[PDB]
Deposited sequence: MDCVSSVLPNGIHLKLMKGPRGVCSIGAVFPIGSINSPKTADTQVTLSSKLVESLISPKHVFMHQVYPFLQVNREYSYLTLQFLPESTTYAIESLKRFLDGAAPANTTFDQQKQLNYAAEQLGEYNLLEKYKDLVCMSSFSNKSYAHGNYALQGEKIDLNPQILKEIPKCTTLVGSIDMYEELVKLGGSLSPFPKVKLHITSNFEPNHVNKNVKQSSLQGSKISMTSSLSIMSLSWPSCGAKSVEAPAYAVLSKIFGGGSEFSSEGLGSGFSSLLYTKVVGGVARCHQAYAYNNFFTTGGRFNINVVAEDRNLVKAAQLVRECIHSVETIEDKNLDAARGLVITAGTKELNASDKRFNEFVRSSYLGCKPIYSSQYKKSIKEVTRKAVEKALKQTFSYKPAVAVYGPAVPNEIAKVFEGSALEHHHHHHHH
């Protein structure tokens, strides 16, 4: 990271390392919560992106790799390319940041893709956990807005956020893109907007997203389209907290795995018949975190799975030193995906997952720090969200 501030106030962050693939992009604090419903932000930014790139043929002919991530509170666009495609890439990023609304026909095309997301392989288990967590563990109900519309619901262009993007953009890039990004950043209006955005407080709501799944998802006949998902959430910590690396270690202790070795794997995946998988994540938001445990299983079996999750929680308190080191070991995964993590970590203000500084943080987490993290997190009642018909209050009883 080389961090600059342009004369007009625009922040510019650059990823150090060897030449080969050029990277550019924009990260800004506008996300699904900044539109009145699910998918409004996603489809608005997608519509804008496809217009900005001119046509899919231009994208292919220049061999540019675009990537758009829309989260609850923020989004980013990255473009990767070889040096001969610089002009087109920069001109495309410039168009994306120009404030103009896309055409209705573009928006209509994008809407249809969005409704087809699950069928197209774009609405996988990971994206489902995120929706279940966000619809259940916040007091602000705007966090229920995801990226992927329900079949019966509307999606509308939000032209105001397109005007807002250049006013709150941070530019990101590989170090060799310095000159071009200074110049692009220079073209933007001085000076950026400064908004106090704060992650909504934790609330242990009990909800269902009782909705049918498509049989074909992407190219696969889904092995999970007939199973339910249980997501249990507790508050944790912001990505900037001194405690975040303890939380990463705590998520590996629970760990998980698929039927296709740690507490979730051995006790939950092993303990419920036809439990396809179970995983713990610690997910970050602008100022907070949600520690979440997700179980894929038949609807009838979720209560049992939850009892087994309660057992996992109790078990952590007496975890052996072997396992506390193995958990520290599992967080250390060094390995394109590098630039996306650079951008993500630049917004959160945390050290990237691949950095040695991050790896050192993890080596330094104690038994005390893990015990502290566990205590403050599991003192809350969980939020409870079911993808499927199971009664969440029955699951909730397991923890009260």
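Residues of the deposited sequence lacking C-alpha coordinates fall in the stretches 1 to 2, 263 to 271, 347 to 353, 419 to 431, numbered from 1.
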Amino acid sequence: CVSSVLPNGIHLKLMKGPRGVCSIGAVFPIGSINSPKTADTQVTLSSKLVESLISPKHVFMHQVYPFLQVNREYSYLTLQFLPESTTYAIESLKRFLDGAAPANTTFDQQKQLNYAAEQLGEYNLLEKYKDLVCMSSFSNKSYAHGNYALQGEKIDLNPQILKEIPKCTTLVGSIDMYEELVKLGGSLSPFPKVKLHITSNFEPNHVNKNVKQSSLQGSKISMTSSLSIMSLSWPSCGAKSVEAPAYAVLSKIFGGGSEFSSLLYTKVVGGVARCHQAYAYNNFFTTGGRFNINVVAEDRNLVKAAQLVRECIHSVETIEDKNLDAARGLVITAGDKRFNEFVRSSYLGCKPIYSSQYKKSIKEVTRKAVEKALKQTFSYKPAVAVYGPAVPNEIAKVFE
From here on, numbers count along this sequence of modelled residues.
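Two stretches are in play, 346 to 354 and 33 to 41, and the higher mean C-alpha B-factor belongs to 346 to 354. Just going by the entry, 379 to 387 versus 10 to 18 on mean CA temperature factor gives the higher value to 10 to 18. Residue-level inspection of the entry shows that, of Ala116, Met135, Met230, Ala327, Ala327 has the top Cα B-factor. Per the PDB entry, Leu263 shows the highest C-alpha temperature factor of the residues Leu263, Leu93, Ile165, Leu171. Ranked by Cα temperature factor within the chain, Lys372 sits in the highest third according to the deposited record.
In the PDB entry, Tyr123 places in the lowest third of its chain by CA B-factor. For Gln217, the recorded CA B-factor ranks within the lowest third of the chain. Only modelled residues enter the ranking. Among the modelled residues of its chain, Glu298 has a C-alpha B-factor that falls in the middle third, as given in the PDB entry. Annotation for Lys337: CA B-factor lies in the highest third of the chain's modelled residues.
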